[PDB]
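Residue numbers (the UniProt record's numbering), protein chains in the order written: chain A, 228 to 393; chain B, 17 to 103; chain C, 24 to 103; chain D, 34 to 125; chain E, 34 to 126; chain F, 45 to 135; chain G, 46 to 134; chain H, 11 to 119; chain I, 13 to 119. Backbone N, C-alpha and C fix where the C-beta goes; we use that ideal spot for every residue, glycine too.
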DNA sequence: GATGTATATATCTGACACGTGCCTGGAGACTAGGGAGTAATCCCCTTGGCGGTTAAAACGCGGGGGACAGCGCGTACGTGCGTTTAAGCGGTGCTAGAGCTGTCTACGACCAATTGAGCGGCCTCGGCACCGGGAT
DNA sequence: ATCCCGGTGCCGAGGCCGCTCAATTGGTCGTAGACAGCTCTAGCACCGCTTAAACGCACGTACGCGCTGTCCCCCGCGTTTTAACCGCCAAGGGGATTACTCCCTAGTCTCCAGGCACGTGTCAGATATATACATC
């Protein structure tokens with residue numbers, strides 16, 4: 228009757244993966260409101276007791292190859308009122324690009340750039356296709372704004388955006 | 017001026033020529049191309065073990081600085097006794 | 024003399040077969056007798072040291088179990 | 034007066050599989066396993082107490098030794114069991 | 034105030050190689066080596082004491098701990114040196 | 045088959061694969077090389093502990109040196125494989 | 046070209062992975078065994094951890110290359126580092 | 011000695027002996043002193059580990075459709091478990107046999 | 013009266029006193045014999061004399077006068093007994109023994 | 001169609017699970033002291049940031065070195081079988097030697113006194129590193 | 001390319017002086033363990049008999065190994081680019097130390113109960129044969 232419930236590491240990783248997958252494919256977006264920030268533009272405040280590694284959002288968009296990735300950012304940058312919505316990542320000797328300029332009911336594209344923020348982006352591959360996740364790498368309380376790192380150090384970009392270094 | 021968005025991994029900081037120099041010191045005349053991700057995985061596993069035990073030796077001493085003796089005792093526990101850091 | 028040849032060829036072959044080996048080069052037999060003799064030399068040196076220190080003359084089971092535990096090969100089933 | 038854990042392993046067995054016995058050789062093996070894990074945990078707690086210049090082995094030292102010696106889930110569940118037992122013991 | 038075997042390793046160095054120094058890093062390595070070999074020999078001697086239900090670490094226990102931990106010729110020569118030193122220590126009073 | 049039935053049969057039993065008396069004589073011949081020419085009695089369970097250890101060791105040694113000779117393309121265990129499986133472990 | 050590097054490295058003794066990327070790696074692994082609270086790694090402990098990791102990786106490549114000279118190869122594949130570990134422990 | 015005594019194992023809810031574990035911690039020279047919660051913690055851990063192993067050993071013994079746990083079943087439980095095998099890696103279990111594993115490259119085609 | 017250290021009674025250079033104190037306060041046994049610290053100190057001095065002799069040799073082979081970690085790693089890994097003793101031990105800043113498999117040299 | 005292997009029945013046998021006397025150790029209550037928990041202080045030394053520099057990494061490209069698949073030879077391992085042999089088991093014997101015990105004697109813990117070795121700060125100098133040149 | 005040789009240089013090591021703490025000495029006691037003695041267990045030896053296992057031989061064929069080819073993928077090279085790093089500085093957290101007190105554990109003694117050896121009923125599983133089926 229006294230039975231151990233030890234949850235072997237294989238089962239732990241499997242249930243964690245299924246948890247990420249179901250939370251992604253459900254898109255609850257529990258407790259994040261978009262408001263105004265004093266100068267930076269918009270802001271998505273998180274209202275949950277976030278901690279190490281807990282799920283926050285998904286940077287949903289359109290996934291493409293590298294040959295068009297290195298081009299679409301420059302081609303959409305010709306519109307000076309496009310903000311910043313497309314995300315690159317190198318994976319399996321291949322770069323992709325998260326085409327997310329078109330507004331969708333997800334809250335990934337709604338985040339701005341910082342180096343002193345509160346979240347950092349990871350990679351999750353739901354059946355091959357890598358969805359770009361964002362989890363809280365540290366303890367965040369209810370009422371803080373979503374803020375993660377874009378990781379790009381284009382020299383012209385850092386000249387143009389002194390708030391990138393912030 | 018729109019900027020793109022990328023990331024880093026802090027394990028890709030164990031660069032490719034660093035694994036080449038480690039191999040060469042180990043005597044490896046000619047290295048495959050897939051040994052790099054395998055070696056970063058091996059390194060992350062080793063560090064996970066040694067750092068779990070260093071952080072335990074610290075958290076037990078009610079400290080917050082992972083001293084050199086914490087790491088030396090973590091290695092001594094794993095059986096990797098390390099000479100030269102105040103043992 | 025030649026008591027290592029008492030570790031017969033089919034005994035080494037049955038040990039291998041248990042270990043999973045499918046075919047066995049006829050030279051593995053002398054190699055395995057050498058390996059076994061080295062293992063026994065170590066374990067029996069430590070067992071007989073544990074005895075000689077205990078001022079005894081019969082190598083007990085705990086002497087050998089402590090010899091194995093010292094080499095790092097803890098053996099369950101004979102005390103401890 | 035030979036010391037063993039035979040009757041307590043019998044108790045734990047009859048608590049887990051109430052309709053299962055255990056041979057004498059397996060009894061000796063479980064005895065050796067308990068002795069060995071005890072020796073490990075006690076030696077590690079001793080090392081911790083010596084490292085931190087303490088004199089007493091306490092539940093803190095035993096918990097840290099358990100966390101060092103047992104791998105992940107075993108350590109988590111063993112720490113749970115021991116903490117529960119210590120709280121119950123100091124309550125009663 | 035921290036103790037270490039620096040001055041003694043240095044005396045032994047001036048014994049075996051009079052015209053030779055030892056860098057501070059190799060000094061730390063010899064300190065750690067002496068500490069580790071001491072811990073091995075004394076731990077094995079403690080274990081040899083408790084295995085025989087006795088309480089005193091005597092020269093007997095240390096000789097057997099050496100004969101256990103050190104390989105063949107190291108063991109024989111270290112035991113020779115230890116016995117020499119013990120007889121010299123009990124002879125002179 | 046033939047080797048496959050012997051393998052499935054031996055990996056599933058728990059016997060002592062070396063005869064008890066030849067291993068007894070071997071351990072008593074090595075127990076004399078140390079403590080030159082003084083016959084220590086051997087507690088009949090010390091020989092069992094020693095044989096259990098030597099057999100678990102040799103079986104693991106062949107199980108580790110057969111990963112080196114499926115790795116080397118062979119199927120036949122060679123002395124090279126055993127020497128390398130020992131030279132990797134640290135022996 | 047490779048031999049003027051093996052001889053050059055087996056003869057030196059300095060560290061091989063850079064100090065700052067390894068420090069960031071060790072601090073990224075230490076932040077998941079404390080559940081997100083970070084510890085001030087004493088700068089002499091990063092060196093001990095790095096010396097242990099380099100000596101370990103170098104011994105691992107010595108054994109792996111004992112295995113890749115066994116299979117007739119000269120190249121060091123990942124199926125080797127993966128077996129010099131499944132043998133070693 | 012009034013107020014009839016209940017064993018410390020009973021007070022803590024364990025099956026292993028808190029008393030005997032305390033006595034072993036004392037006359038073993040692990041430290042001059044020994045906490046009051048140290049035997050209880052260590053005995054709870056020992057009981058947990060032994061339950062973890064006897065559970066898997068009984069599972070193996072009933073998979074083999076037997077009702078006596080034997081050394082072979084203990085070796086099965088331990089080596090087949092992922093973490094007990096790491097805790098007991100250096101450990102030979104007398105008359106424990108080896109795990110049935112013929113490398114898949116050996117089978118006939 | 014006038015005293016002389018036990019390290020001098022035994023003719024050692026290592027401290028019989030510090031070794032005795034370490035055996036006591038280390039909780040190795042409820043007691044410690046009188047010959048135990050002398051024996052342990054003699055063994056420690058012998059091992060260190062061995063190591064430092066081989067390290068001085070490896071330093072003179074490099075035409076240097078300081079013993080550095082690399083020289084200790086050479087002195088250890090080249091001697092068979094010590095390498096068997098200090099087998100699990102990594103010696104920081106110690107490098108590796110130059111050993112390129114003879115299969116690799118150009119024919 | 002052997003040849004072995006999965007499934008049931010009969011059984012019986014040594015091993016296991018259980019009831020009992022007792023005795024040795026586990027629990028309770030109490031006292032004392034010293035170990036350590038807590039608070040406060042000081043300053044070490046860790047973290048963070050910036051500029052610049054440059055060493056090193058990244059990337060791309062050619063090529064040729066090596067991995068891998070295929071193949072043929074021949075040798076050496078597995079299998080099968082009749083023979084030889086040595087392990088194994090059961091007896092008895094017996095006796096050395098392990099385990100236990102009581103005596104007592106030597107030896108180690110403890111404690112006061114002391115004094116000198118060693119540890120830390122100061123200071124000098126040379127070993128080994130570096131920058132440049134000639135020879136192999 | 002790389003070693004042998006000059007000359008600078010620098011920084012770390014080797015020696016010197018003042019304090020302090022811990023190593024030495026001496027005396028006492030109590031207890032551990034050395035020793036002599038005794039019991040009785042179990043280890044060694046032997047020997048007859050069984051017979052299971054080893055062994056030696058022969059044969060074939062599975063496999064190791066050497067050779068060849070081709071295809072691709074590491075390596076070396078050159079150029080750009082990037083981020084490690086070193087110095088410098090500033091801050092401030094938290095490590096290390098210390099003093100106080102209190103509470104937690106060792107020691108002691110008395111009580112008593114649980115667990116251990118011992119004897120015993122019984123049954124789980126290992127054979128043995130028969131029945132049915134899997135397999136090369």
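Within chain F, not a single residue places a beta-carbon under 9 Å from that of residue 63 of chain H; the smallest gap is close to 18 Å.
Following the DSSP letters along the chain, one finds residue 114 of chain I in no beta strand (DSSP E), marked with neither H nor E.
Note on geometry: alpha-carbon atoms of residue 119 of chain F and residue 68 of chain I lie some 49 Å from one another. Boundaries for residue 379 of chain A: no beta strand (DSSP E) harbours it, and the DSSP string shows neither H nor E there. Here residue 69 of chain D carries a helix assignment [DSSP, helix/strand/coil].
Looking at the backbone, the Cα of residue 26 of chain C and that of residue 41 of chain C are separated by about 23 Å. In this model, residue 77 of chain D and residue 98 of chain D are separated by some 5 Å (Cα to Cα). At least one beta carbon of chain I lies nearer than 8 Å to the beta carbon of residue 57 of chain G. The stretch 102-111 of chain I and the stretch 91-99 of chain G touch, with no fewer than 3 CB-CB distances between them shorter than 8 Å. In this model, residue 41 of chain E and residue 80 of chain E are separated by some 28 Å (Cα to Cα). A contact between stretches requires three or more CB pairs, one per stretch, nearer than 8 Å, and the stretch 71-80 of chain F fails this requirement with the stretch 51-70 of chain I.
For residue 234 of chain A, the closest Cβ of chain H is not nearer than 8 Å. Residue pairing for residue 44 of chain H: DSSP places it in a beta bridge opposite D:90. Beta-bridge analysis with DSSP links residue 346 of chain A to no other residue. In terms of Cβ geometry, residue 99 of chain B and residue 39 of chain E do not form a close pair [threshold 8 Å]. Assignment of residue 120 of chain F by DSSP, reduced to helix, strand and coil, places it in the strand class. Around the beta carbon of residue 35 of chain H, 16 or more other beta carbons lie within 10 angstroms, which makes this residue buried. For residue 356 of chain A, the pairing in a beta bridge is given by DSSP as A:353. Residue 94 of chain H carries a helical assignment under DSSP once its states are collapsed to helix, strand and coil.
In the three-state reduction of the DSSP assignment, residue 325 of chain A falls in the strand class, which pools E and B. Per DSSP, the unbroken alpha helix (DSSP H) holding residue 36 of chain H starts and ends at 28-36. For residue 71 of chain C, the enclosing alpha helix (DSSP H) starts and ends at 51-77. The beta carbons of residue 48 of chain D and residue 25 of chain H sit closer together than 8 Å. Here the stretch 85-96 of chain H makes no contact with the stretch 85-95 of chain F; the two share fewer than three CB pairs at distances below 8 Å. Here the alpha carbons of residue 39 of chain C and residue 46 of chain C stand approximately 9 Å from one another. Neighbourhood of residue 62 of chain E in chain B, by CB distance below 7 Å: 99 and 100, in chain order. A straight line joining the alpha-carbon of residue 56 of chain E with that of residue 45 of chain E spans about 15 Å.
The C-alpha of residue 66 of chain C lies about 7 Å from the C-alpha of residue 87 of chain C. In its chain, beyond the 5 residues on either side, 74 have a beta carbon closer than 8 Å to the beta carbon of residue 80 of chain B. The criterion of a C-beta distance shorter than 8 Å is satisfied by residue 353 of chain A and residue 251 of chain A. Contact check for residue 77 of chain C and residue 90 of chain C: beta-carbon distance about 12 Å, past the 8 Å limit, so the pair fails to qualify. Within the DSSP bridge table, the entry for residue 271 of chain A names A:261 as partners. The straight-line gap separating the alpha-carbon atoms of residue 88 of chain D and residue 43 of chain H is approximately 6 Å. For residue 243 of chain A, the enclosing alpha helix (DSSP H) stretches over residues 236-253. Listed along the chain, the chain E residues whose CB falls inside 7 Å of the CB of residue 93 of chain C are 101. Under the DSSP assignment, residue 43 of chain D falls in the alpha helix (DSSP H) whose first and last residues are 39-49.
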